[PDB]
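J.: Can you look at this? It's an experimental structure, sequence on top.
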Amino acid sequence: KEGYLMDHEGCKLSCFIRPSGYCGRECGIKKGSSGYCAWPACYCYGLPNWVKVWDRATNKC
């Protein structure tokens with residue numbers, strides 16, 4: 001499963017001026033196999049089907 005990662009508030013996880021690899025690390029903690037900065041937010045690939053990703057409808061911020 002792929003999608004943008006959300007932070008603790010349901011916002012997209014920013015990667016503005018973050019080091020390269022930051023999104024891969026954050027996707028990896030959530031059990032994703034790959035991630036990249038889809039500037040300005042992190043995008044993950046390989047997440048199990050049960051992990052929740054960002055959605056336009058209940059997006060806040």
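T.: Looks like it arrived, so ask away. Numbering: from 1, shown residues only.
J.: Quick one: end-to-end length of stretch 51-61, please.
T.: End-to-end distance for stretch 51-61, by Cα to Cα, to the nearest Å: 21 Å.
J.: ok, and for it, which residues are buried?
T.: Neighbour-count burial for stretch 51-61, counted by 16 or more other Cβ atoms under 10 Å, picks out 53-54. (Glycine included, C-beta is placed from N, CA and C.)
J.: And the strands in this protein?
T.: 3-4, 34-38, 41-45 (DSSP state E).
J.: With distance to residue 10 and mean neighbour count as new columns, can these be given to me in a markdown table?
T.: Compiled in a markdown table, these are given as follows (distance: least, Cβ to Cβ, whole Å; neighbours: other Cβ atoms under 10 Å):
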| stretch | distance to residue 10 | mean neighbour count |
| --- | --- | --- |
| strand 3-4 | 11 | 17 |
| strand 34-38 | 18 | 18 |
| strand 41-45 | 13 | 21 |
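J.: Could you report the distance from the residue in the chain sticking out farthest from the centre to residue 12?
T.: Residue farthest from the centre of the chain, counting by Cα atoms, centre = their mean, is residue 57 at 16.5 Å. Applying Cβ to Cβ, to the nearest Å, the value for residue 57 to residue 12 is 14 Å.
J.: now residue 47
T.: Residue 47 is 15 Å from residue 12, by Cβ to Cβ.
J.: Sounds good, over and out.
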